[PDB]
Amino acid sequence: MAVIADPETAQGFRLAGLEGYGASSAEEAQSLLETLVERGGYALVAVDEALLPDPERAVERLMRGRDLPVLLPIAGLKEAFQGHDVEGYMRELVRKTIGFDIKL
Amino acid sequence: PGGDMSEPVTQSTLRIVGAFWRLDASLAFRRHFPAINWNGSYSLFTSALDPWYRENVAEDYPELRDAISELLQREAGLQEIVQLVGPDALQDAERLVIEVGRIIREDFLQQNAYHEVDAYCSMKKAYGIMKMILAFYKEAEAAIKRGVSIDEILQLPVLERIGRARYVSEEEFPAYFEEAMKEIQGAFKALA
Amino acid sequence: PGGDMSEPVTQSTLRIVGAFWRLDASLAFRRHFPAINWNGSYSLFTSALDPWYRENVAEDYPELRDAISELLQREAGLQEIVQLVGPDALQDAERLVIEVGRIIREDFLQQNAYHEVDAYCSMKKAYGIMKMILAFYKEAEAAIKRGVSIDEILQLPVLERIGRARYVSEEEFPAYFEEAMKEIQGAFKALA
Amino acid sequence: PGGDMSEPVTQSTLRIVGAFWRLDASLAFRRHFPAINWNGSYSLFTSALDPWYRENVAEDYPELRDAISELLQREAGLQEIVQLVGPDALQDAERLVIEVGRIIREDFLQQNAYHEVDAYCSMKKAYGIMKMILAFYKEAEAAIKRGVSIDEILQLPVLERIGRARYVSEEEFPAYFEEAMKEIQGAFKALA
Amino acid sequence: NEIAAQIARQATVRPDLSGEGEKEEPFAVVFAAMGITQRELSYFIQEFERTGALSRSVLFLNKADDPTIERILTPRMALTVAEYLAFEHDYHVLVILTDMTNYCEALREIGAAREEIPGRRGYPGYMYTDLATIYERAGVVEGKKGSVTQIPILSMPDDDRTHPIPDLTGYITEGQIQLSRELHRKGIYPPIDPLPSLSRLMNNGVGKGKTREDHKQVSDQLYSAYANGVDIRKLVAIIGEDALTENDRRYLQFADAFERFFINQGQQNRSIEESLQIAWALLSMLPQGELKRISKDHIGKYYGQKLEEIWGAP
Amino acid sequence: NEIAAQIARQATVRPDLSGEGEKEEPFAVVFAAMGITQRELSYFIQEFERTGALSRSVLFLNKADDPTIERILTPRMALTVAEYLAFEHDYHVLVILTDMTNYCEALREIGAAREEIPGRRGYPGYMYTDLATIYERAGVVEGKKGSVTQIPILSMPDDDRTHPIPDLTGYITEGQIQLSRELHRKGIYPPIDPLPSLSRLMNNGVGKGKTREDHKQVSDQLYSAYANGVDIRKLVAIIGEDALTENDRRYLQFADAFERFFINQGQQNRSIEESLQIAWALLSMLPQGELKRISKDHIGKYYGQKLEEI
Amino acid sequence: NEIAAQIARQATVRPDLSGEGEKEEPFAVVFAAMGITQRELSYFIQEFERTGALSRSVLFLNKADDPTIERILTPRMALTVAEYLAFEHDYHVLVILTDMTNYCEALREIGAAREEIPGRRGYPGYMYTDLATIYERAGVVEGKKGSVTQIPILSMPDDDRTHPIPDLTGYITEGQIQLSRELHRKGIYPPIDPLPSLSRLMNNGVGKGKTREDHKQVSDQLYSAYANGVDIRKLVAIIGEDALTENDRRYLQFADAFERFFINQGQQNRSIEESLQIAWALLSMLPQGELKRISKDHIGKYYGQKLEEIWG
Amino acid sequence: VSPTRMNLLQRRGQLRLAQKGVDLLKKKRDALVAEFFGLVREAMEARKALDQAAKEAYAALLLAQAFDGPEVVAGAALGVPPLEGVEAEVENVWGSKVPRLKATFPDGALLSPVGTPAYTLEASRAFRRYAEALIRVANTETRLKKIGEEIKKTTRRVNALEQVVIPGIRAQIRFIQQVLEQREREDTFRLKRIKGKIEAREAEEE
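Rendered as structure tokens:
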């Protein structure tokens with residue numbers, strides 16, 4: 001697996017045994033993670049929501065080929081302590097995948 | 387023959403009569419009576435009859451009727467999403483409007499022709515039932531804006547009064563309607 | 387009567403005539419004119435006129451006409467899939483075929499009879515228009531095969547030039563055709 | 387005229403014949419013969435002929451015939467789901483039923499009138515083929531409940547024996563039938 | 161024909177259940193067959209002879225090769241006999257017309273013979289009136305203890321309900337019993353499909369003082385449960401039985417047992433009490449409380465019967 | 161009937177735009193009713209007397225209980241009167257034939273009585289010529305300043321445009337104004353669906369010197385945009401909203417505001433300038449290359465996105 | 161008309177395959193035209209001049225501007241000449257009736273003028289017998305070397321196979337060669353779809369000792385595989401192409417290549433051996449176990465060849 | 004299509020089958036929606052657990068980097084194997100396979116677990132628990148996305164059927180009915196004509 005949220009989380013995952021590449025960059029991180037995706041020795045890539053609210057742009061290159069890796073938002077160094085909006089994120093995901101705004 | 391309204395006699399009748407009390411096959415199968423399809427039915431005498439209803443029934447009767455029609459149209463339009471997701475998972479005032487439409491179609495449009503006091507209904511009785519329904523709807527809308535749980539509103543003791551109102555005889559309807567209005571006014575105010 | 391081609395007069399006429407210019411009501415409702423249904427239409431004089439075309443308009447005119455017809459056939463075949471599933475589920479090449487078919491339909495097949503210039507179109511002008519369309523299609527295919535996104539291609543002003551080519555007067559047309567071919571080449575050579 | 391079974395001659399024939407062997411043009415187009423439309427065919431002599439079948443063919447022949455008819459009915463009743471959502475969308479049991487119906491259609495109903503051996507088929511040979519098909523279906527269902535997938539069931543070598551059983555000569559048939567039954571039981575018991 | 165013969169040799173009245181206890185009701189069956197073959201004629205003769213039902217029945221057998229005017233006149237004579245018996249000797253008469261399609265075809269042929277312009281679908285324009293004159297010669301009369309009941313069997317020409325014959329029959333008659341081809345080809349006999357079948361006069365003929373008190377609610381619950389069961393049976397093909405809830409699986413079991421035991425009764429002459437017992441045994445498979453169509457008293461005093469009291473399968 | 165009455169009471173000449181600057185004999189309104197009911201007759205009488213158009217109108221009324229042949233002679237009387245007025249007194253006559261379906265059914269009854277050869281659905285085979293002898297009487301004549309304008313009303317049976325009556329009427333007339341049940345269910349009045357409606361003679365009476373602000377190209381581009389929007393809406397009803405290109409969103413805003421303001425005008429009387437300025441307001445963007453139907457010169461001159469009251 | 165001209169100029173027997181050495185002279189052609197247009201007549205005349213078949217052709221031409229009632233006699237005279245030649249001079253006569261729809265229209269006109277009781281769509285009730293008296297005049301007679309082969313041409317009005325004219329023709333004639341408009345729109349010539357086509361006398365002239373032992377089994381296998389491909393096309397028209405299994409994709413590929421190569425041949429003349437080789441190449445696109453209608457010996461003898469090996 | 008009575012009956016049967024299929028697909032969609040809501044609840048629980056694990060693991064990392072030097076923490080993290088090649092099991096759900104992530108995670112006695120820093124091992128254990136929570140969350144979310152895709156596909160099928168298939172079949176049915184009725188009307192006219200001729204020839208000429 002791999003994490004590209006921020007250098008703090010990258011170092012933490014490197015300690016746990018999950019290599020990380022770089023810091024939070026709104027431009028070069030997409031290319032870096034795509035170059036990482038170019039090879040298939042894992043199954044997951046994790047990004048904080050602040051850098052990338054949705055990985056749909058990255059996964060648009062994966063539905064055609066190598067759908068095995070999973071792109072999902074995670075919690076960064078500070079917003080984790082702040083408190084991630086579980087209900088809001090789940091409601092947004094449900095409204096996106098269904099097309100209707102419903103109560104969870 | 388097969389319930390198809392394209393039959394020539396049905397088409398010829400449509401072009402001359404001013405009213406059309408369509409009966410639903412689904413409502414008849416679902417044991418809903420008088421099974422009048424208010425979605426497909428229509429009447430061309432409403433406008434010419436309001437300047438009599440507002441004098442003989444009540445001054446506010448046409449507006450109350452229009453509000454009832456609006457609620458029915460809203461819940462009919464919301465049927466598409468409520469049948470998919472489910473009544474429980476529906477959110478905010480949508481659940482309230484669905485429940486109000488159910489209350490209407492079960493306590494004001496439902497009629498048993500073989501019942502001794504439910505086969506006949508006066509204009510005053512229908513107007514009072516409509517007033518009770520709208521009062522409940524607006525009070526529950528205020529409660530929802532106040533943050534009250536929908537299920538708490540649905541578990542109020544008013545619903546039995548609303549359901550029994552259609553079985554109240556005309557000789558006893560005034561007092562029953564008055565006490566039901568008192569109960570509706572007091573139920574939400576007790577929570578508030 | 388009612389657009390029914392099975393009626394005796396149309397069927398009797400079909401057995402003798404050598405060309406069948408079938409009009410479609412759907413195109414007329416959308417005001418896509420002349421509203422010729424190119425799927426249901428046919429002509430038995432296409433093969434006999436080829437020697438005249440190769441000497442009077444262009445030596446490769448039949449090839450261009452066949453290419454345009456093949457593109458229209460592919461677009462018609464893919465349009466059912468696009469409508470049933472959704473344009474976002476198709477491949478880039480399939481979307482390019484759909485876009486080229488739409489461009490053909492709205493820029494070459496369409497013709498305003500009440501326009502002071504578009505009313506009449508010589509064989510040379512139509513040949514130039516379809517040559518430009520085919521050149522743009524080839525360039526777009528080459529760009530897509532080298533990683534260029536389709537949505538970037540659809541924003542080129544060369545597409546607008548091709549679309550408005552049919553409104554150019556006959557005496558002005560050759561210079562416009564040369565400049566539009568140069569721009570077609572440039573819009574993808576500059577991109578590299 | 388034109389295959390219209392509603393024409394007066396066919397309808398008048400329906401009311402007086404005891405058997406009705408309806409032919410299907412779709413089967414004839416596929417070159418599948420005798421091309422008898424099983425769904426549209428019937429016979430009123432089945433009940434009266436049961437004692438003769440028990441005495442002359444086998445004591446359990448009517449049961450096997452009814453089992454075959456029920457399997458065909460199940461396949462027909464699943465074909466609507468097949469044409470609605472596709473064959474892969476069905477469960478393993480339902481897909482097994484579909485495949486057993488296909489096997490029946492290809493190996494028992496189908497009969498080449500011009501083949502030197504398949505042109506004629508005695509009652510014993512048909513009974514043996516039906517018994518083989520029923521045993522294979524029961525053991526395949528047991529394997530399906532055993533967790534065995536349908537795709538390796540559909541490639542068992544005994545399917546070739548079942549398919550080629552109808553080309554075996556009448557005098558050589560019984561040995562082929564008994565060895566085929568042994569192969570049918572082995573190909574499912576031995577795998578476990 | 162098998163169902164018609166079984167009804168003819170099994171139908172009877174139940175004065176004990178009516179509360180009268182008179183036992184003085186004579187029962188007769190007038191059997192009219194129009195345009196039947198020699199096979200059907202022999203089958204009917206043997207069926208009436210072997211079971212003794214001939215001694216209480218009058219038969220009007222007309223063959224397919226007989227004159228068509230005799231086919232026209234056969235229902236008239238049968239109904240004249242039935243009316244005479246019922247309204248002059250207080251007989252409870254059940255009239256069975258084997259095939260009204262043959263009668264309609266004969267009427268069409270004769271109308272064509274009189275140089276009469278046919279109406280819709282080539283059938284005579286007065287077919288509705290003639291069918292009404294046949295059917296309405298049945299009922300009960302004030303001051304008369306007799307009765308006339310009609311069960312006109314007719315086969316739809318192409319299994320089509322929009323054909324003139326079944327359409328006019330539905331116009332004139334009160335309900336219909338619809339035989340199912342799917343049930344027939346699955347080995348179920350009689351192949352009567354409950355879902356499209358309907359008796360429009362059933363409500364006024366049942367209830368306390370007739371049959372048993374739980375008749376109507378049991379029928380409603382059976383209909384609803386069977387419809388739900390067949391729906392879930394269609395759905396289990398795509399989603400599987402593991403994705404079903406407990407209620408869905410119980411409804412599937414109920415539908416299977418219903419088709420095996422209630423409909424597929426074979427040649428048994430089940431009494432109404434036996435039929436109600438079988439229905440309650442079938443409903444016992446469903447969990448108590450799912451019987452929302454049945455009042456709590458009938459559930460309390462009838463639910464819980466174990467099904468093995470009747471084998472069901474012939 | 162409501163739309164017919166509104167047109168009758170609101171039809172005006174408006175010579176100021178074209179160029180003539182004088183007033184002719186104002187519109188006269190010949191009104192023929194065939195198989196009308198008492199309710200519709202009372203509504204028409206009340207609407208006409210409320211506006212005070214009786215002095216400006218002639219009413220021929222054949223009721224549902226009247227003899228059938230009077231129903232077929234009613235339009236001939238009405239058109240004879242209209243032709244007399246227009247071509248002998250220079251009036252500008254507007255003819256309103258209500259419920260031509262009743263006329264066609266009376267014609268079918270008469271033809272079947274005369275044992276004629278049946279047509280497509282039992283109607284006489286000469287129904288085309290019979291309807292032509294009525295519709296073709298309208299028009300204008302060189303050397304005469306009068307005019308006859310026909311606005312027939314017919315109810316399509318089961319909303320089938322392929323029915324013999326609407327089919328023959330479309331074959332004879334110069335277009336049609338087709339009402340849609342979809343817009344009526346939305347509460348939109350008048351429920352006129354532009355897409356299946358057509359006016360053949362529109363080009364002769366619009367343009368420079370007739371209607372300045374680029375009438376032809378604006379109408380064509382509105383038609384194309386509405387057709388694309390309807391196709392997109394049909395796609396949405398099957399495949400959920402996915403193509404959020406921020407331009408297709410503006411075009412759904414186009415469709416919604418179109419149906420809510422351009423068509424849902426209600427009982428108010430709108431002049432040409434208001435409708436034609438709302439038309440551009442629906443486009444909502446000045447330099448759209450997608451507006452290939454409208455010329456660049458006209459887009460530039462008649463300012464794209466000129467104003468928005470909304 | 162193009163297909164008929166191609167057949168007329170390409171038809172020949174194969175005495176070498178049948179173990180015979182008569183080397184019979186080419187077919188004599190009797191061409192009967194009922195209401196033919198100038199375009200079709202000119203095309204037929206040009207083709208017959210190019211192939212040199214006019215010297216042995218008898219032409220009965222009733223043009224579209226000619227009187228319509230002469231179409232009643234035209235096929236009768238053409239078939240009288242054909243029967244005379246074949247059964248009194250040992251000629252092998254091929255008869256082409258270029259438009260039987262015009263003949264049926266003339267028959268309907270005559271019947272309606274007589275107030276005859278009509279069949280379906282106003283055609284006379286005796287139309288079946290009238291068409292039979294024309295069609296049944298072909299065949300081969302014992303003890304005579306001559307023969308009459310009929311190839312009538314008729315246009316189903318709305319491509320309607322259930323129209324009375326094609327229905328009666330199919331009931332009388334020994335099969336039919338149906339053209340496909342959907343195949344024609346693809347640029348495939350000849351646009352013959354084999355599924356509705358039929359030859360009742362095919363099994364009499366094919367098999368071991370006549371053409372080849374594998375002919376009938378190859379034909380049956382091709383029919384089954386093409387029907388399967390059509391069914392898979394219908395399936396992917398609903399459920400989508402990407403959701404298929406492997407064998408369904410193989411069947412679609414077989415159907416596509418079949419339409420592109422076996423049906424679509426243009427104006428080239430194909431020997432029966434070449435056609436069998438192409439058919440086996442198409443059948444080789446399918447696994448050996450799926451060829452249930454072909455014997456093991458024939459599969460072992462012929463299975464394996466690829467499409468690219470037939471031609472460079 | 005050829006207008007015949009048999010074809011009309013076939014079209015009526017096709018319409019009935021289409022309606023039954025629409026109802027069946029609606030029932031399947033209801034079951035899929037129930038499953039979707041169950042997975043949404045489980046996803047919410049997993050997301051809350053993941054957020055709690057993230058909080059505790061980040062707190063442990065900050066404590067380790069405050070008590071022990073960041074450079075020695077980076078050096079310790081350097082010696083940890085990448086643990087790549089995580090298993091991706093394909094699980095069948097509602098008619099197709101989806102990848103499920105189940106990490107073997109063969110660290111055991113992980114290389115260089117203790118050394119100069121002390122709190123670093125606790126933060127490493129917290130981050131391993133965080134990674135376990137992350138793989139659980141991803142395993143839930145992939146199934147949720149697939150269920151949503153299936154629901155969208157079923158909704159598209161239902162809309163396509165009841166908006167283009169049923170109306171087209173009904174239009175074909177009404178067209179065939181009109182053609183058949185026209186044919187029978189023509190037959191009635193012909194019968195009237197021939198009856199008139201018969202009566203004229205029988206009466207006028209005796």
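Residue numbers (the entry's author numbering), protein chains in the order written: chain H, 1 to 104; chain B, 387 to 578; chain C, 387 to 578; chain A, 387 to 578; chain D, 161 to 474; chain E, 161 to 470; chain F, 161 to 472; chain G, 4 to 209.
Using N, Cα and C, we set each Cβ at its ideal position, and we do this for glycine too.
Shorter than 8 Å from the beta carbon of residue i to some beta carbon of chain D?
i	result
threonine 157 (chain G)	no
Kindly indicate the opening and closing residues of the beta strand (DSSP E) around residue i.
i	result
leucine 443 (chain E)	First-last for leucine 443 (chain E): 432-443, but that is the alpha helix (DSSP H), not the beta strand (DSSP E).
residue 2 (chain G)	Only positions 4 to 209 of chain G appear in this structure, which leaves residue 2 (chain G) out of reach.
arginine 417 (chain A)	Unbroken run through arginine 417 (chain A): none, as it is neither H nor E.
For residue i, decide whether its Cβ has a neighbour in chain F, counting only Cβ atoms nearer than 8 Å.
i	result
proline 387 (chain A)	yes
My assumption, with CB atoms under 8 Å, is that residue i sits in contact with residue j. Please give the rounded CB distance.
i	j	result
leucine 267 (chain D)	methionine 287 (chain D)	7 Å
Alpha carbon to alpha carbon, how far is residue i from residue j?
i	j	result
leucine 395 (chain F)	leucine 18 (chain G)	18 Å
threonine 197 (chain E)	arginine 169 (chain E)	21 Å
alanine 529 (chain C)	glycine 463 (chain C)	23 Å
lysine 368 (chain F)	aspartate 374 (chain F)	8 Å
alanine 106 (chain G)	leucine 413 (chain C)	59 Å
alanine 126 (chain G)	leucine 64 (chain G)	5 Å
Nearest chain H C-beta to residue i closer than 8 Å, yes or no?
i	result
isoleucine 515 (chain B)	no
Could one say the Cβ of residue i lies closer than 8 Å to chain E's Cβ atoms, at least one of them?
i	result
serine 555 (chain B)	no
Please decide whether residue i counts as near chain A, where near means a Cβ-Cβ distance under 8 Å.
i	result
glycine 98 (chain G)	yes
Looking at the secondary structure, which residues open and close the alpha helix (DSSP H) in which residue i lies?
i	result
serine 433 (chain B)	432-442
Give, in chain order, every residue of the stretch 469-487 of chain B whose Cβ lies closer than 9 Å to some Cβ of chain G. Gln469, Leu470, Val471, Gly472 and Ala475
Listed from N- to C-terminal order along the chain, which residues in the stretch 296-317 of chain E have their beta-carbon within a distance smaller than 7 Å of any beta-carbon of chain B? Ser315 and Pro317
Against chain A: residues of the stretch 191-209 of chain G by CB proximity under 7 Å: none
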